[PDB]
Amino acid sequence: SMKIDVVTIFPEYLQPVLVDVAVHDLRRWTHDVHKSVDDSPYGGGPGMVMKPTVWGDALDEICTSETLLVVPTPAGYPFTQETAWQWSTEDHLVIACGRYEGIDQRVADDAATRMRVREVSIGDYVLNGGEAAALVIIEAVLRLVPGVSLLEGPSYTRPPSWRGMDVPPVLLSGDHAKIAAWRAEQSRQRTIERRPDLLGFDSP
């Protein structure tokens, strides 16, 4: 049993999403006519920063002391399969999706005084906001919820010959030991080629 609340200024983007997922429009917690959620940065720089006031009101309504507050950010701790396993047994995730140049840092800092907060990144690339990260996190976590290292080698299915390209003969041989051995080898070879860091080697 898990509840996920997602807060965003683009609730439309969350449509592709024992478990309930609710999406909230951040602008619901504004009071001005223009529904402003952003302001220019202190200290200079391009772009806009999301106001802490509006976020504070939203999270006040949605969160409890037992909530795990998830804040996607390119400067976050890495979100990995380990993280997904850890969050898979949580009762309540709230995912705060930023836009513009992100959310005023005091939102997470203040939240951390009364709940657990996790600033995380889903990978070493830049997005325009937290919504795609939210989709990734939700997918990776929900598939691990009860009741729902190395790289994987290549997989094959019928026909055994296609366009003059054959399924590796060992996979047709019914020899479980030889097949397991071949698959372990294919895995380790793919890992050293594509992800040498996983085996403790320098990256290209």
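Only the largest set of C-alpha atoms that superpose within 1.5 Å between the two forms is called the rigid core. All residue numbers refer to positions in the sequence shown, first residue = 1.
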Fit on the core, then compare CA atoms: does 139-147 or 45-53 lie farther from this form in 9 other deposited structures of this protein?
139-147
Root mean square C-alpha distance from this form after a core fit in 9 other deposited structures of this protein: higher for 84-92 or for 97-105?
97-105
Note how many residues of the deposited chain are left out of the model between residue 148 and residue 149; the options are none, 1 to 3, 4 to 9, and 10 or more.
10 or more
Here the number of deposited-sequence residues unresolved in the coordinates between residue 17 and residue 18 is 10 or more
Please work out which of 157-165 and 134-142 has the higher mean CA B-factor as recorded in the PDB entry.
157-165
Got a sec? Mean C-alpha B-factor, which is higher, 176-184 or 189-197?
176-184
Residue, from 49, 54, 68, 33, that the PDB entry assigns the highest Cα B-factor
33
Would the CA B-factor of residue 82 place it in the lowest, middle or highest third of its chain?
lowest
What third of the chain, by the recorded C-alpha B-factor, contains residue 92?
middle
Among the modelled residues of its chain, does the C-alpha B-factor of residue 41 lie in the lowest, middle or highest third?
lowest
Quick check on the deposited entry: does the C-alpha B-factor of residue 2 sit in the lowest, middle or highest third of its chain?
highest
